[PDB]
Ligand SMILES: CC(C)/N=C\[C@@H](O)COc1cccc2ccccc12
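Given next, in structure tokens, is a single chain: the form solved without the named molecule.
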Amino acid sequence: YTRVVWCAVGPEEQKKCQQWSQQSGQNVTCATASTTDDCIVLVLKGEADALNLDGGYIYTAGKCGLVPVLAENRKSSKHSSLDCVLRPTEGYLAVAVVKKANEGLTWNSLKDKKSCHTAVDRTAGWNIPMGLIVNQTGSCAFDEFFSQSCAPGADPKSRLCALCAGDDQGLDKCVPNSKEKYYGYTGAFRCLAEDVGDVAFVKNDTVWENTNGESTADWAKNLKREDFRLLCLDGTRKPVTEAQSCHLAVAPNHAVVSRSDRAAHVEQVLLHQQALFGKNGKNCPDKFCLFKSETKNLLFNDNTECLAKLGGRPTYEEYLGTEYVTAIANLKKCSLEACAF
């Protein structure tokens, strides 16, 4: 009865969640929904307990009363061995990536080009770049900025979905889940790699994890970091090695959210689950690994070292940071006392 019901977004996450359920002796069970928003609703209804969310979604969930529980913490050597679970998160770098061969393309010549986004409402893939663009063009018509895009979650018949490809069969074009070929960090980077789009709004880690043999996936196998460039806000282009001096923003880390009344129980179960299936986990590589799914970033990002305890029991606004919260509210003024549900 102590059981935590995880919410999986789409069939692939559902399959991984089921594997996790089996290996956890049903200490974790699965609820599945087609989109992250639907999962948030299941949690609000009490039909699911938790799921790991990108900051843009933490904002949506938070307005609905859901809270931060634990955050993804990426192998980053700083904070010596203050162990992982106790190490404070540093956030990730949201970047704009283009092909080096696409010369002359800069942050200042993005209008009318083709873009690849992780998903509508996500932090590196949407909130940050579109916020910056609405800001600079002084206009809310962000649906008109890029000539075509793949922005999972947007209207499928719109130009924002024109570049999306759907699943092996063309079904689910533009759905905001892994069934869409170009969905998420890896999908948006793939959209760029395959030259479907001119620019990809992802995070620094994505570029590294899908180049120079780091991915053995067929579209990624042959990719070289030097064939890519980051777009700096000052109009310059730099090597992906320059991320720290050429990013759009620093993003909150993805984090597990739950209803406030279930947060303590979810935290407890998760800490026990990663002890078993996390990076150095007792049953990881071996029976199951919570943080692996072949660069597909299912349930959690594949580069997650551990889920870390938060500092000073954050409200969702403290967790996301005042800078980011303001940016989202300002951007959403184009589409304050919320919960869209």
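Numbering starts at 1 and follows the sequence shown.
Heads up, the form deposited with the named molecule bound isn't pictured, but that's what we're talking about next.
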Pocket accessibility when the named molecule, as posed in the bound PDB entry, is superimposed onto this form, judged at 2.4 Å from backbone or C-beta: blocked
So in the bound PDB entry, does residue 11 come within 4.5 Å of the named molecule, heavy atom to heavy atom? no
Does the 4.5 Å heavy atom contact test between residue 105 and the named molecule in the bound PDB entry come out positive? no
Within 4.5 Å, heavy atoms only: does residue 148 come near the named molecule in the bound PDB entry? no
Contact label in the bound PDB entry: residue 310 to the named molecule, heavy atom within 4.5 Å: yes
None of 251, 263, 175, 162 but one has a heavy atom within 4.5 Å of the named molecule in the bound PDB entry; the exception is 251
In the bound PDB entry, which of 193-201, 164-172, 83-91, 96-104 comes within 4.5 Å of the named molecule (heavy atoms)? 83-91
May I ask you to list the residues of 317-333 that have any heavy atom within 4.5 angstroms of the named molecule in the bound PDB entry, in sequence order? 318, 319, 320, 321
